[PDB]
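Student: Those sequence lines, one after another, are chains A, A' and A''. A prime marks a further copy of an entry chain.
Just so we're aligned: the first sequence equals residues 2 to 204, 213 to 287 in the entry's author numbering.
Just so we're aligned: the second sequence equals residues 2 to 204, 213 to 287 in the entry's author numbering.
Just so we're aligned: the third sequence equals residues 2 to 204, 213 to 287 in the entry's author numbering.
Just so it is clear, CB atoms sit at the ideal spot from N, CA and C, and this is done for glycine as well.
Dropping a structure here in structure tokens format, bear with me for questions.
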Amino acid sequence: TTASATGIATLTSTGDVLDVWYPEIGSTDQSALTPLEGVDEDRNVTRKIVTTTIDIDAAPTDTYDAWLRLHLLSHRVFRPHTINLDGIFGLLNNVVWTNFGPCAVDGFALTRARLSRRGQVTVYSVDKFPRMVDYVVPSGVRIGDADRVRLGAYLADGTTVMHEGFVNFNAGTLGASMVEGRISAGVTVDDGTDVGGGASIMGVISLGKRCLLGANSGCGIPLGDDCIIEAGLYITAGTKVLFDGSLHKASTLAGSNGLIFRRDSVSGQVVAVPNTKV
Amino acid sequence: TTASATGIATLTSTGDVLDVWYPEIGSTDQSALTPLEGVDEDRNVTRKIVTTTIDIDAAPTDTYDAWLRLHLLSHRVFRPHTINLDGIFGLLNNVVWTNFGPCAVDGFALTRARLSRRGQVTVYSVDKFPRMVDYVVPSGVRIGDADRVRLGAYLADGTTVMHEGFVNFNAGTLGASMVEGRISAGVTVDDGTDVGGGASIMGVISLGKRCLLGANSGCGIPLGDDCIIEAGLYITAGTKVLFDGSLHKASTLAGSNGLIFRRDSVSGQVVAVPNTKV
Amino acid sequence: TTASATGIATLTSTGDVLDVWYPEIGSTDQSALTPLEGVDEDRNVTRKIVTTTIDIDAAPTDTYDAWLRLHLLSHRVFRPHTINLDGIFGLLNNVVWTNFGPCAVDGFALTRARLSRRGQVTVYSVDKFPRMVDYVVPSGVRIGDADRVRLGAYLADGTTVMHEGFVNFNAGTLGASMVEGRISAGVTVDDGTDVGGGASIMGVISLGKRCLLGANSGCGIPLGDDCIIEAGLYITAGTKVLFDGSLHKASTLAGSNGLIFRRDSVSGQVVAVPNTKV
Ligand SMILES: CC(C)(COP(=O)(O)OP(=O)(O)OC[C@H]1O[C@@H](n2cnc3c(N)ncnc32)[C@H](O)[C@@H]1OP(=O)(O)O)[C@@H](O)C(=O)NCCC(=O)NCCSC(=O)CCC(=O)O
Ligand SMILES: CC(C)(COP(=O)(O)OP(=O)(O)OC[C@H]1O[C@@H](n2cnc3c(N)ncnc32)[C@H](O)[C@@H]1OP(=O)(O)O)[C@@H](O)C(=O)NCCC(=O)NCCSC(=O)CCC(=O)O
Ligand SMILES: CC(C)(COP(=O)(O)OP(=O)(O)OC[C@H]1O[C@@H](n2cnc3c(N)ncnc32)[C@H](O)[C@@H]1OP(=O)(O)O)[C@@H](O)C(=O)NCCC(=O)NCCSC(=O)CCC(=O)O
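Dropping the structure here:
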């Protein structure tokens, strides 16, 4: 798809792009943005309006292109896996994310000293991906600890990411989900799927509708709909699971509907049983 | 109980209450609060003093009432389960919690643009419950990552909530505890109980005194005093536990004193044994 | 070692040290620091330059000494366990860490009210240890959620601490590691060791090179090089592990090289097998 937006970029004096903010997708309106242009000598950066036009099926070719792609995902214009992100790690700079805005990592010690004359300097994160909410708050969502949702996360209407939840870029919820565990990059969960506290979903992997991952559980395989993984139980691709009297590697149960995975507390054996009613 | 306090409320131009801060319980002193009244046109809110009087045994009837109840818990005037919270979710608004203060979720994009002229806008959370410490810091407590304690948490003197700890509203510690795992809404742990790193306590559930939940453990049943759950072991209500040669569903071991729960590493069987010395 | 640095201390009106910032180790240059000296009457603190000289092998004797030691670790001048920290907990004050800077816990309610006239007051943490990044950002590191790295953490070049990672003081990475779980105080992991999401390493304990702790795993013993602990599996010192037909308490497998620990999904038995290729 040809996608375009007008945004405001933060550039170092050597021309490295620390960030871009695109408030709206597909608009040429600049009036939100002209008051934000200028030069900050304490950070040694310039903020300047840019217009970015991309082919979402092509690999990104520069830092601006990479930033627009993350915005398209978090504004929910594009779902996870629908936009080409190949090579994005190479295009994003490591940035010090502060209460004063993004700062270059090279020379940060001098930067911090300059900024400290203006007020206390707090560093929220040092990374190539910022906190999503600092660029877009999608509608119909709650996020307890907004450090734990990267820009490029897709959070469908009706999602709650609790404080223990984490959602990486190119990942998230396609419908209404309670997310209290970790959704790795490239993982999606479909409508009504709830991820219990401290649960882990490995990234290849997606879960269908109305799944339940128990607290402290783990899922290393794709699941279909109406599956349950018992609290505390980690299903790896290599786990051998007893189903109807036979052992199956979990990788072969990928995409199954209506299975409850538990570890028998008497024998210690991993079992899967049908999820009755459904 | 009749409870009353004077506080300062933040109201949208449509009269929705985004927050109330009650610095003290039971006082009519306004002199801390009159300098904080006014109108913020970038957020489109008004801050105004309110006096709120409630019956803690009755269901809350409006947003102010709900906010006072959360304060009563976190100031430790009332313990968890001692105040009626029925319907509170319906009375609290979803709010964008920023470095500039609370902001309405509707229209936040315009709000963010207005505020960005004043300085970098950082969103800490988007939720119906704020961070406790932004309203009350109780005495004798440490909190590593104060994003992870909701207003309405009760943290007794001598509590440390480490960065991996999480304490929901209507929950917490009745005495001195090291909390490095998740205390769900309506869960309390009694004096000397330590919750290990990444442990999960389901919410009906409380733990007694001097309990130890191992790292990455889970507890889905009430426990009495001097119980231990091995690291990595999740006791669900349905788990069948071997105790003195017989199998018992864990729900039937609810409230037991002096049991150590472990998963036998040879057989894989969940067992409970007496906690000797005690 | 004799170690010395010039820094800027924040002192209460009773002379308690809330913090010290030492921008550089071993320098007498004050020109970064003289613009930061002064008195803040809303917090009731004074900021003043100090010169601190210590013997790293001796126990710290005052709060300034304790702060310099934490800096020496996070600037990577000293590795974990190389500096004497005995009694440090007694020398650090509990502090309220705010957007305005450190504040005393005694009297914070009055402090908060004073500061609220200047702007929204946000409390990041209440603890004896601050967030490392607010004092030093070491080179070659990423940190997703910088609430989760305490000052006194040592993060070697090439380390990424993801949002689920946590690194305590006197702890961390000796080389390039992806850290998505919890590195307790006094724990180190050597080059190429990756700590999976939600994994727990107990603190006596270190891991060698190229180890892999699966998501939601736990390690209660020292490991040598090229060990793997399966996702979801917690090895406690007391766990009895089957290796080559014999049962061994895990404490006796301390420091082993090239072992893969798994829980057999059929029998529920904890086993260790050689890590083939290596
Ligand atoms: C595996 C399930 C789904 C099974 O539950 P069900 O309700 O289907 O079964 P149930 O009625 O308990 O049990 C039916 C029968 O199976 C037995 N049974 C159950 N589990 C067993 C096991 N592992 N081994 C042997 N038997 C077992 C019961 O004793 C009962 O036996 P009889 O037939 O003999 O009676 C559950 O235990 C579970 O883990 N749910 C996880 C939910 C969760 O953690 N939600 C996430 C939000 S909670 C959260 O996030 C916590 C907060 C936080 O962590 O921060
Ligand atoms: C289950 C317990 C409590 C058992 O410990 P004890 O000290 O009572 O027993 P011990 O001396 O190790 O063992 C007594 C005997 O039982 C055997 N034994 C122990 N566990 C076994 C098992 N699971 N299967 C079979 N045998 C077992 C031992 O080998 C020994 O055998 P012989 O009799 O043959 O010798 C422990 O292993 C545990 O998990 N503690 C958890 C502590 C914890 O995680 N604390 C939280 C803070 S730590 C934390 O939070 C980490 C940081 C973070 O995560 O962020
Ligand atoms: C234990 C291992 C390492 C084993 O893996 P390997 O690749 O060596 O083996 P494999 O090819 O799967 O399996 C070899 C043979 O062993 C069998 N096998 C494997 N596990 C078994 C078990 N537990 N019980 C019985 N059999 C088992 C397989 O079925 C296969 O059988 P046949 O020979 O019959 O074929 C793995 O499953 C694991 O847990 N890796 C953890 C990785 C991880 O979590 N990384 C952290 C980043 S991921 C993360 O952090 C998630 C994000 C987040 O949490 O936030």
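#1: Distance cutoff 8 Å, beta carbons only. Does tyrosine 23 (chain A) sit that close to anything in chain A'?
#2: Nearest by alpha-carbon distance to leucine 268 (chain A): which of A:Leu256, A:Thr285, A:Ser276, A:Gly277 is it?
#3: For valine 188 (chain A''), which residues in the same chain have their Cβ closer than 6 Å to its Cβ, ignoring the five residues on either side in sequence?
#4: Mind checking whether the beta-carbon of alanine 105 (chain A'') lies closer than 7 Å to any heavy atom of ligand 3?
#5: From A'':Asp253, A'':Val46, A'':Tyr65, A'':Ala60, pick the residue whose C-alpha is nearest to that of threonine 52 (chain A''); which is it?
#6: With the cut-off set at 8 Å, would you say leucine 222 (chain A') and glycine 264 (chain A') are in Cβ contact?
#7: On the criterion of 16 or more Cβ atoms from any shown chain inside 10 Å, does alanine 110 (chain A'') qualify as buried, or is it exposed?
#8: Within the same chain, show all residues whose beta-carbon is closer than 8 Å to that of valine 250 (chain A), passing over the 5 residues directly before and after it, in chain order.
#9: Go through its chain and collect everything with a Cβ distance to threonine 62 (chain A)'s Cβ below 6 Å, but skip five positions before and after it.
#10: When DSSP labels each residue in this structure, what does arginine 143 (chain A') get in the three-state scheme?
#11: What does the alpha-carbon distance come out to for the pair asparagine 225 (chain A'') and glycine 227 (chain A)?
#12: For a quick check, are the C-beta atoms of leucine 19 (chain A'') and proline 103 (chain A'') less than 8 Å apart?
#13: Note down, in chain order, every chain A residue with its Cβ under 8 Å from the Cβ of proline 283 (chain A'').
#14: Does the distance from the C-beta atom of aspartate 195 (chain A) to that of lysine 218 (chain A) stay below 8 Å?
#15: Do the CB positions of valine 134 (chain A'') and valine 124 (chain A) come within less than 8 Å of each other?
#16: Taking the CB atoms as reference points, tell me whether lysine 129 (chain A') and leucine 74 (chain A') lie closer together than 8 Å.
#17: For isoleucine 144 (chain A'), return the contacting residues in chain A'', with the cut-off set at a CB-CB distance below 9 Å.
#18: By DSSP, does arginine 151 (chain A) sit in helix, in strand, or in coil?
#19: If you follow the alpha helix (DSSP H) that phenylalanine 90 (chain A'') is part of, which residue opens it and which one closes it?
#20: Using only the heavy atoms of ligand 5, determine whether one of them is closer than 7 Å to the beta carbon of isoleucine 238 (chain A').
#21: Using the Cβ count rule (16 or more neighbours within 10 Å means buried), how would you classify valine 168 (chain A')?
#22: Name, in chain order, the residues that DSSP records as bridge partners for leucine 232 (chain A').
#23: Would you say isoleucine 57 (chain A) and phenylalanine 79 (chain A) are within 8 Å of each other, going by their C-beta atoms?
#24: Can you check which of these residues, A'':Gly16, A'':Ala147, A'':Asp17, is closest to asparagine 100 (chain A) by C-alpha distance?
#25: What residue does the beta strand (DSSP E) around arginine 48 (chain A') start on, and which one ends it?
#26: Do you know whose CA, among A'':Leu116, A'':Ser14, A'':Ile26, lies nearest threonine 3 (chain A'')'s CA?
#27: Put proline 283 (chain A') into one of helix, strand or coil per three-state DSSP.
#28: Which residues in chain A sit within 8 Å of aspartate 56 (chain A'), going by Cβ to Cβ distance?
#29: Going by alpha carbons, who is nearest to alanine 10 (chain A') out of A':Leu156, A':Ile50, A':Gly145, A':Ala33?
#30: Going along chain A in order, which residues have a C-beta closer than 7 Å to the C-beta of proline 36 (chain A'')?
#31: Look at the alpha carbon of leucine 156 (chain A') and the alpha carbon of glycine 176 (chain A'), and state the distance between them as a whole number of angstroms.
#32: Tell whether a beta-carbon distance below 8 Å holds between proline 139 (chain A) and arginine 77 (chain A).
#33: Does any CB atom of chain A fall closer than 8 Å to the CB of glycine 227 (chain A'')?
#34: Between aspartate 43 (chain A') and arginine 119 (chain A'), is the Cβ-Cβ spacing less than 8 Å?
#35: Rounded to whole angstroms, what's the CA-CA distance from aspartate 158 (chain A) to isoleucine 144 (chain A')? Just pull it up for me.
Tutor: A quick look at the data gives this:
#1: no
#2: A:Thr285
#3: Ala172, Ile202, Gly204, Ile214
#4: no
#5: A'':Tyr65
#6: no
#7: exposed
#8: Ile244, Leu256, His257, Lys258, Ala259, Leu262, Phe270, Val279, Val280, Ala281
#9: none
#10: strand
#11: 8 Å
#12: yes
#13: The contacting residues do not exist; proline 283 (chain A'') stays about 17 Å from chain A at best.
#14: no
#15: yes
#16: no
#17: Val124, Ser126, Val127, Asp128
#18: strand
#19: 89-92
#20: The model depicted lacks ligand 5 and carries ligand 1, ligand 2 and ligand 3 instead.
#21: buried
#22: A':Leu216
#23: yes
#24: A'':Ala147
#25: 46-56
#26: A'':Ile26
#27: strand
#28: The premise fails here: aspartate 56 (chain A') is roughly 29 Å from chain A at the closest Cβ pair, so nothing lies under 8 Å.
#29: A':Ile50
#30: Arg118
#31: 8 Å
#32: yes
#33: no
#34: yes
#35: 32 Å
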